[PDB]
$ cat data.csv   # CSV, C-alpha atoms and all ligand atoms
chain,number,residue,atom,x,y,z
A,1,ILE,CA,189.6,-26.2,151.0
A,2,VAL,CA,189.5,-26.9,147.2
A,3,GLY,CA,191.8,-29.5,145.8
A,4,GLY,CA,193.0,-30.8,149.3
A,5,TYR,CA,192.8,-34.1,151.1
A,6,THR,CA,191.0,-35.5,154.2
A,7,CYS,CA,193.4,-34.7,157.0
A,8,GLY,CA,192.5,-37.6,159.2
A,9,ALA,CA,190.7,-37.3,162.6
A,10,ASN,CA,192.5,-35.1,165.1
A,11,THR,CA,195.8,-34.9,163.0
A,12,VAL,CA,195.6,-31.0,163.1
A,13,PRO,CA,195.1,-30.7,166.9
A,14,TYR,CA,195.3,-26.9,167.1
A,15,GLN,CA,192.4,-26.5,164.5
A,16,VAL,CA,189.2,-25.3,166.1
A,17,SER,CA,185.7,-24.6,164.6
A,18,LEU,CA,183.9,-21.4,165.7
A,19,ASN,CA,180.2,-22.2,166.1
A,20,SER,CA,177.3,-19.8,166.5
A,21,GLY,CA,174.6,-22.5,165.9
A,22,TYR,CA,176.6,-23.8,163.0
A,23,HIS,CA,180.3,-23.8,161.9
A,24,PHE,CA,181.2,-20.4,160.4
A,25,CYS,CA,185.0,-20.0,160.7
A,26,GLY,CA,188.2,-21.7,161.7
A,27,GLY,CA,190.7,-20.7,164.4
A,28,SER,CA,193.9,-21.9,165.9
A,29,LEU,CA,194.5,-22.8,169.6
A,30,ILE,CA,197.6,-21.0,170.9
A,31,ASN,CA,197.4,-21.9,174.6
A,32,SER,CA,194.8,-23.5,176.9
A,33,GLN,CA,192.7,-20.3,177.1
A,34,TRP,CA,193.2,-18.5,173.7
A,35,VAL,CA,192.3,-18.9,170.1
A,36,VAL,CA,193.8,-16.9,167.0
A,37,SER,CA,191.3,-16.2,164.2
A,38,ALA,CA,190.4,-13.6,161.5
A,39,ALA,CA,188.8,-10.3,162.6
A,40,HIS,CA,186.3,-10.7,159.7
A,41,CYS,CA,185.0,-13.7,161.7
A,42,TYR,CA,184.0,-11.5,164.7
A,43,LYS,CA,180.6,-12.1,166.2
A,44,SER,CA,179.1,-12.3,169.6
A,45,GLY,CA,178.0,-15.7,171.1
A,46,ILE,CA,180.8,-17.8,169.8
A,47,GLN,CA,181.2,-21.4,171.1
A,48,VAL,CA,184.8,-22.7,170.3
A,49,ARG,CA,184.8,-26.4,169.3
A,50,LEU,CA,188.1,-28.2,169.9
A,51,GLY,CA,189.0,-31.8,169.0
A,52,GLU,CA,186.7,-31.8,166.0
A,53,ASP,CA,186.9,-34.0,162.9
A,54,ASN,CA,183.3,-34.5,161.6
A,55,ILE,CA,181.7,-31.2,162.7
A,56,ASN,CA,178.2,-32.8,162.4
A,57,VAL,CA,178.7,-35.9,164.6
A,58,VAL,CA,179.9,-36.2,168.2
A,59,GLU,CA,182.8,-38.6,167.8
A,60,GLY,CA,184.3,-38.5,171.4
A,61,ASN,CA,187.3,-36.1,171.4
A,62,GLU,CA,185.5,-32.8,171.3
A,63,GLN,CA,185.6,-30.0,173.9
A,64,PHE,CA,182.9,-27.2,173.5
A,65,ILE,CA,183.8,-24.1,175.4
A,66,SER,CA,182.0,-20.7,175.0
A,67,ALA,CA,184.1,-17.5,174.4
A,68,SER,CA,184.3,-15.1,177.4
A,69,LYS,CA,185.9,-12.2,175.3
A,70,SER,CA,186.7,-11.4,171.7
A,71,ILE,CA,189.5,-8.8,170.9
A,72,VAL,CA,189.7,-7.5,167.3
A,73,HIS,CA,193.0,-6.0,166.3
A,74,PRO,CA,193.0,-2.3,167.1
A,75,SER,CA,193.9,-1.4,163.4
A,76,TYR,CA,191.6,-3.9,161.6
A,77,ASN,CA,190.0,-2.3,158.5
A,78,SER,CA,187.0,-4.3,157.3
A,79,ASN,CA,187.1,-2.6,153.8
A,80,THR,CA,190.7,-3.5,153.0
A,81,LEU,CA,191.1,-6.5,155.4
A,82,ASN,CA,194.3,-5.0,156.7
A,83,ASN,CA,195.2,-6.4,160.1
A,84,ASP,CA,192.6,-9.3,159.7
A,85,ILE,CA,193.3,-10.9,163.1
A,86,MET,CA,191.4,-11.3,166.4
A,87,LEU,CA,191.9,-13.2,169.7
A,88,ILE,CA,189.1,-15.2,171.5
A,89,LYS,CA,189.4,-16.1,175.2
A,90,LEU,CA,187.7,-19.2,176.4
A,91,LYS,CA,185.5,-19.1,179.5
A,92,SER,CA,187.4,-22.2,180.9
A,93,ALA,CA,190.7,-23.6,180.0
A,94,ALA,CA,190.9,-26.5,177.4
A,95,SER,CA,192.2,-29.9,178.5
A,96,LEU,CA,195.3,-30.2,176.4
A,97,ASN,CA,196.1,-33.7,175.1
A,98,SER,CA,197.4,-35.3,171.9
A,99,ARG,CA,194.2,-34.4,170.0
A,100,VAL,CA,193.7,-30.9,171.4
A,101,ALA,CA,197.0,-29.0,171.4
A,102,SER,CA,198.3,-25.4,171.0
A,103,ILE,CA,200.4,-24.3,168.0
A,104,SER,CA,203.6,-22.3,168.6
A,105,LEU,CA,203.7,-18.7,167.4
A,106,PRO,CA,206.6,-17.8,165.0
A,107,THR,CA,209.8,-16.3,166.2
A,108,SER,CA,210.6,-14.9,162.6
A,109,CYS,CA,208.5,-14.5,159.4
A,110,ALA,CA,208.6,-17.4,156.9
A,111,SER,CA,210.0,-17.0,153.4
A,112,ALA,CA,208.4,-17.4,150.0
A,113,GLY,CA,208.8,-21.1,148.9
A,114,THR,CA,208.3,-22.4,152.5
A,115,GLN,CA,205.9,-25.3,152.6
A,116,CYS,CA,202.7,-24.9,154.8
A,117,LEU,CA,199.6,-26.8,155.9
A,118,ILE,CA,196.3,-25.0,155.4
A,119,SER,CA,193.2,-26.6,156.9
A,120,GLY,CA,189.4,-26.1,157.4
A,121,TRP,CA,185.8,-27.1,156.8
A,122,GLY,CA,185.2,-24.6,154.0
A,123,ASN,CA,183.8,-25.1,150.5
A,124,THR,CA,185.6,-27.8,148.5
A,125,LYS,CA,184.4,-26.7,145.0
A,126,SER,CA,185.7,-23.7,142.9
A,127,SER,CA,182.5,-23.5,141.0
A,128,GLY,CA,179.5,-24.5,142.9
A,129,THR,CA,179.1,-25.3,146.6
A,130,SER,CA,179.8,-28.5,148.7
A,131,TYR,CA,180.8,-28.3,152.4
A,132,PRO,CA,182.6,-31.2,153.9
A,133,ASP,CA,181.8,-32.7,157.3
A,134,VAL,CA,185.4,-33.8,158.1
A,135,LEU,CA,188.5,-31.6,158.2
A,136,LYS,CA,190.3,-31.0,154.9
A,137,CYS,CA,194.0,-30.2,154.4
A,138,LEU,CA,196.2,-28.6,151.7
A,139,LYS,CA,200.0,-28.5,151.5
A,140,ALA,CA,200.9,-25.2,149.7
A,141,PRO,CA,203.9,-22.9,149.4
A,142,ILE,CA,204.1,-19.3,150.4
A,143,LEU,CA,204.4,-17.2,147.2
A,144,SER,CA,206.7,-14.3,146.7
A,145,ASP,CA,205.5,-10.8,147.7
A,146,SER,CA,206.1,-9.6,144.2
A,147,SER,CA,203.8,-12.3,142.6
A,148,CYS,CA,201.2,-11.7,145.3
A,149,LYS,CA,201.2,-8.0,144.5
A,150,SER,CA,201.0,-8.6,140.8
A,151,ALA,CA,198.1,-11.0,141.3
A,152,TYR,CA,196.2,-8.4,143.4
A,153,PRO,CA,197.3,-4.9,142.3
A,154,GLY,CA,196.6,-2.2,145.0
A,155,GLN,CA,195.5,-4.7,147.6
A,156,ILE,CA,198.4,-6.5,149.3
A,157,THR,CA,199.7,-4.8,152.4
A,158,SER,CA,202.8,-5.6,154.5
A,159,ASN,CA,200.4,-7.6,156.8
A,160,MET,CA,199.4,-10.1,154.1
A,161,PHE,CA,201.0,-12.8,152.1
A,162,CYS,CA,199.8,-15.1,149.3
A,163,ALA,CA,200.1,-18.9,149.4
A,164,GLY,CA,199.0,-21.6,147.0
A,165,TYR,CA,199.3,-22.1,143.2
A,166,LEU,CA,199.1,-19.5,140.5
A,167,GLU,CA,197.8,-22.2,138.2
A,168,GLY,CA,194.7,-22.5,140.4
A,169,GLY,CA,193.0,-25.8,141.4
A,170,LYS,CA,194.2,-25.9,145.1
A,171,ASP,CA,193.2,-23.1,147.6
A,172,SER,CA,191.3,-22.2,150.7
A,173,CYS,CA,187.7,-21.1,150.3
A,174,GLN,CA,184.6,-19.8,152.0
A,175,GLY,CA,184.3,-21.3,155.5
A,176,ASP,CA,188.0,-21.8,155.9
A,177,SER,CA,188.2,-18.2,157.1
A,178,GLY,CA,190.1,-17.6,160.4
A,179,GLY,CA,191.9,-21.0,160.2
A,180,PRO,CA,195.6,-21.9,160.3
A,181,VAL,CA,198.5,-21.8,157.9
A,182,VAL,CA,201.3,-23.7,159.7
A,183,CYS,CA,204.8,-23.9,158.3
A,184,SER,CA,207.6,-25.9,160.0
A,185,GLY,CA,205.5,-26.2,163.2
A,186,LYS,CA,204.7,-22.4,163.6
A,187,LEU,CA,201.5,-20.5,162.9
A,188,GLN,CA,202.5,-18.2,160.1
A,189,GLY,CA,199.1,-17.3,158.6
A,190,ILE,CA,195.4,-17.0,159.1
A,191,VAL,CA,193.0,-17.7,156.2
A,192,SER,CA,191.8,-14.2,155.2
A,193,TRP,CA,190.6,-13.5,151.6
A,194,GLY,CA,190.8,-14.2,147.9
A,195,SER,CA,188.9,-13.4,144.8
A,196,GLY,CA,186.9,-16.7,144.4
A,197,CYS,CA,188.7,-19.9,145.2
A,198,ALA,CA,191.2,-21.9,143.2
A,199,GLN,CA,191.1,-19.6,140.2
A,200,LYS,CA,194.1,-19.0,138.0
A,201,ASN,CA,196.3,-16.1,139.1
A,202,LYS,CA,194.1,-15.6,142.2
A,203,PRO,CA,195.9,-17.4,145.1
A,204,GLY,CA,194.7,-17.2,148.7
A,205,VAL,CA,195.7,-14.2,150.8
A,206,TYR,CA,196.6,-14.8,154.5
A,207,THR,CA,197.2,-12.6,157.5
A,208,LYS,CA,200.9,-12.4,158.3
A,209,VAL,CA,201.0,-13.7,161.9
A,210,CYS,CA,204.7,-12.9,162.5
A,211,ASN,CA,203.8,-9.2,162.5
A,212,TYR,CA,201.4,-9.7,165.5
A,213,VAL,CA,203.4,-11.7,168.0
A,214,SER,CA,204.1,-8.9,170.4
A,215,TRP,CA,200.5,-7.7,170.2
A,216,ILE,CA,199.3,-11.3,170.8
A,217,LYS,CA,201.6,-11.8,173.8
A,218,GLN,CA,201.0,-8.6,175.5
A,219,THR,CA,197.2,-8.9,175.0
A,220,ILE,CA,197.2,-12.4,176.5
A,221,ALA,CA,199.5,-11.1,179.4
A,222,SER,CA,196.8,-8.5,180.4
A,223,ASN,CA,193.5,-10.2,179.6
B,301,LIG,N1,190.8,-18.6,148.2
B,301,LIG,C1,191.1,-17.9,149.4
B,301,LIG,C2,189.8,-17.5,150.2
B,301,LIG,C3,189.9,-17.4,151.6
B,301,LIG,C4,188.8,-17.1,152.3
B,301,LIG,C5,187.5,-16.9,151.8
B,301,LIG,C6,187.4,-17.0,150.5
B,301,LIG,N2,186.0,-16.9,150.0
B,301,LIG,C7,185.1,-16.0,150.5
B,301,LIG,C8,184.0,-16.1,149.7
B,301,LIG,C9,184.4,-17.1,148.7
B,301,LIG,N3,185.6,-17.6,148.9
B,301,LIG,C10,188.5,-17.3,149.7
B,302,CA,CA,182.4,-33.8,166.0
B,303,CL,CL,188.9,-6.7,150.3
$ encode --input "data.csv" --output "structure tokens"
Amino acid sequence: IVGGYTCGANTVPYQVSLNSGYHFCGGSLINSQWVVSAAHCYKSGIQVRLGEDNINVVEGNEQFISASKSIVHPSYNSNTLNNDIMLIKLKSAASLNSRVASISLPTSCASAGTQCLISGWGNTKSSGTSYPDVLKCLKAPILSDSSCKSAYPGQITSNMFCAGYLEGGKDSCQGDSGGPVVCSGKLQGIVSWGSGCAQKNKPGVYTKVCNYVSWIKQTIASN
């Protein structure tokens, strides 16, 4: 997250870190057994880390649970990033508590102008590289479809939206991938892609979760 703020320990209780020897992507806990992330974050041998603040220090609220299964969306295209969504099942159920909690799925799509919270452990500089240990947060609005399309001609599908600031300065970045965009208490986006971070006229692009709710529910119901 570029241009954000330190969230505070365990104030984003659905935020998880995906770890394969090291943090590599965010995700969002959606029930005691299942995490939402980006398909471009797929790999084997994922450990899900819940209850994290400083991802380099054991601080006492973590739960580390290995993935039993990953499911990439059936229509994911890695070239265009269309349908950039996967589900990860945990080998055992998380203990839910005030610091480790699921985030509700949307019941309708959010509109442009809606305020959202974006979070992660990704890069905090727009030029240069600096990775934070503790979780960073950014309040940002969803942008209109038309300004998203004009920012990225030929690249925005009906399964993507833009959020952030056309002026630049405040955006998600590398390492935030797969993490949440939550608006009015619902998971409306997943950190997906952008051309650099925090550049003018290049806002972040997010997977449009409300398009996927019936696939998420029926996948969970049979797996
Ligand atoms: N600024 C949005 C964004 C989201 C996710 C990843 C990136 N990124 C990948 C390489 C560099 N930045 C950017
Ligand atoms: Ca920790
Ligand atoms: Cl792309």
$ residues_near_ligand --input "data.csv" --ligand "ligand LIG 301 (chain B)" --cutoff "8 Å" --atoms "only C-alpha atoms and all ligand atoms" --output "PyMOL selection string"
chain A and resi 123+171-177+191-198+202-206
$ closest_atom_pairs --input "data.csv" --of "chain A" --to "ligand CA 302 (chain B)" --cutoff "9 Å" --atoms "only C-alpha atoms and all ligand atoms" --output "JSON lines"
{"residue": "A:49", "atom": "CA", "partner": "B:CA302", "partner_atom": "CA", "distance": 8.5}
{"residue": "A:50", "atom": "CA", "partner": "B:CA302", "partner_atom": "CA", "distance": 8.9}
{"residue": "A:51", "atom": "CA", "partner": "B:CA302", "partner_atom": "CA", "distance": 7.5}
{"residue": "A:52", "atom": "CA", "partner": "B:CA302", "partner_atom": "CA", "distance": 4.7}
{"residue": "A:53", "atom": "CA", "partner": "B:CA302", "partner_atom": "CA", "distance": 5.5}
{"residue": "A:54", "atom": "CA", "partner": "B:CA302", "partner_atom": "CA", "distance": 4.5}
{"residue": "A:55", "atom": "CA", "partner": "B:CA302", "partner_atom": "CA", "distance": 4.3}
{"residue": "A:56", "atom": "CA", "partner": "B:CA302", "partner_atom": "CA", "distance": 5.6}
{"residue": "A:57", "atom": "CA", "partner": "B:CA302", "partner_atom": "CA", "distance": 4.5}
{"residue": "A:58", "atom": "CA", "partner": "B:CA302", "partner_atom": "CA", "distance": 4.1}
{"residue": "A:59", "atom": "CA", "partner": "B:CA302", "partner_atom": "CA", "distance": 5.1}
{"residue": "A:60", "atom": "CA", "partner": "B:CA302", "partner_atom": "CA", "distance": 7.4}
{"residue": "A:61", "atom": "CA", "partner": "B:CA302", "partner_atom": "CA", "distance": 7.6}
{"residue": "A:62", "atom": "CA", "partner": "B:CA302", "partner_atom": "CA", "distance": 6.2}
{"residue": "A:133", "atom": "CA", "partner": "B:CA302", "partner_atom": "CA", "distance": 8.8}
{"residue": "A:134", "atom": "CA", "partner": "B:CA302", "partner_atom": "CA", "distance": 8.5}
$ closest_residue --input "data.csv" --among "A:71, A:160, A:110, A:12" --to "ligand CL 303 (chain B)" --atoms "only C-alpha atoms and all ligand atoms"
A:160
$ residues_near_ligand --input "data.csv" --ligand "ligand CL 303 (chain B)" --cutoff "7 Å" --atoms "only C-alpha atoms and all ligand atoms" --output "VMD selection string"
chain A and resid 79 to 81
$ atom_distance --input "data.csv" --atom1 "atom CA of residue 38 of chain A" --atom2 "atom CA of residue 132 of chain A"
20.7 Å
$ residues_around --input "data.csv" --residues "residue 5 of chain A" --least-positions-apart "3" --cutoff "9 Å" --atoms "all atoms listed in the file" --output "MDAnalysis selection string"
chainID A and resid 1:2 8 135:138
$ residues_around --input "data.csv" --residues "segment 210-222 of chain A" --least-positions-apart "5" --cutoff "10 Å" --atoms "only C-alpha atoms" --output "MDAnalysis selection string"
chainID A and resid 30:31 33:34 36 71 73:74 83 85:89 105:110 158:160 186:189
$ atom_distance --input "data.csv" --atom1 "atom CA of residue 151 of chain A" --atom2 "atom CA of residue 82 of chain A"
17.0 Å
$ closest_residue --input "data.csv" --among "A:9, A:103, A:93, A:142" --to "residue 27 of chain A" --atoms "only C-alpha atoms"
A:103
$ decode --input "data.csv" --residues "segment 89-101 of chain A" --atoms "N, CA, C and O atoms" --output "CSV table (one decimal), in the first residue's frame"
chain,number,residue,atom,x,y,z
A,89,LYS,N,-9.1,-23.6,0.5
A,89,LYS,CA,-9.7,-24.3,1.7
A,89,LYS,C,-8.6,-24.7,2.7
A,89,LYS,O,-7.5,-25.1,2.3
A,90,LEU,N,-8.9,-24.4,3.9
A,90,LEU,CA,-8.0,-24.7,5.0
A,90,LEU,C,-8.1,-26.1,5.5
A,90,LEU,O,-9.2,-26.7,5.5
A,91,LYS,N,-6.9,-26.8,5.8
A,91,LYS,CA,-6.9,-28.2,6.3
A,91,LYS,C,-7.7,-28.3,7.6
A,91,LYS,O,-8.2,-29.5,7.8
A,92,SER,N,-7.8,-27.3,8.4
A,92,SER,CA,-8.6,-27.4,9.6
A,92,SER,C,-9.3,-26.1,9.7
A,92,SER,O,-8.9,-25.0,9.2
A,93,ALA,N,-10.4,-26.0,10.5
A,93,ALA,CA,-11.2,-24.8,10.6
A,93,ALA,C,-10.5,-23.7,11.5
A,93,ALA,O,-9.9,-24.1,12.5
A,94,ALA,N,-10.4,-22.5,11.1
A,94,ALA,CA,-9.9,-21.4,12.0
A,94,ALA,C,-10.8,-21.3,13.2
A,94,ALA,O,-12.0,-21.5,13.1
A,95,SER,N,-10.2,-20.9,14.3
A,95,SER,CA,-10.9,-20.4,15.5
A,95,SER,C,-11.3,-19.0,15.3
A,95,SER,O,-10.4,-18.1,15.2
A,96,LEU,N,-12.6,-18.7,15.2
A,96,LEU,CA,-13.0,-17.4,15.0
A,96,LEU,C,-13.1,-16.7,16.3
A,96,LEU,O,-13.6,-17.2,17.3
A,97,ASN,N,-12.7,-15.4,16.3
A,97,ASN,CA,-12.7,-14.5,17.5
A,97,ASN,C,-12.7,-13.1,17.1
A,97,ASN,O,-12.8,-12.8,15.9
A,98,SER,N,-12.5,-12.1,18.0
A,98,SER,CA,-12.6,-10.7,17.6
A,98,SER,C,-11.4,-10.3,16.6
A,98,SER,O,-11.5,-9.3,15.9
A,99,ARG,N,-10.3,-11.1,16.6
A,99,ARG,CA,-9.1,-10.8,15.8
A,99,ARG,C,-9.0,-11.6,14.6
A,99,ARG,O,-8.1,-11.3,13.8
A,100,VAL,N,-9.8,-12.7,14.5
A,100,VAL,CA,-9.8,-13.6,13.3
A,100,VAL,C,-11.2,-13.8,13.0
A,100,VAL,O,-12.0,-14.5,13.7
A,101,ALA,N,-11.7,-13.1,11.9
A,101,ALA,CA,-13.2,-13.1,11.7
A,101,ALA,C,-13.4,-13.1,10.2
A,101,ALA,O,-12.6,-12.6,9.4
